[PDB]
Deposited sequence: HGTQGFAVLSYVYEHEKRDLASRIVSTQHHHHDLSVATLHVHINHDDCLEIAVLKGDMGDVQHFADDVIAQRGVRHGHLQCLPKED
């Protein structure tokens, strides 16, 4: 459907976010995992904004419609 949850993950260098986990890979890189919930369209747009940022690599969005 259009409503559900999603997992956005990416490596670095809003009422949509349920929880976000930051895990350090090394001195320069942080692995970030964000659990999102709401309208899948708003979820995609959130991921869009994140992936558009410099320093953000390997962005992946796993959608989980209800």
Exercise. Counting from 1 along the deposited sequence, give me every gap where there's no C-alpha, start to finish.
Key: 1, 15 to 31, 85 to 86
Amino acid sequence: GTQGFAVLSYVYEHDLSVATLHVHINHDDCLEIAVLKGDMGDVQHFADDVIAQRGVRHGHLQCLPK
From here on, numbers count along this sequence of modelled residues.
Quiz item: Do the C-alpha atoms of 20 to 28 or of 39 to 47 have the higher average B factor in the entry?
Solution: 20 to 28
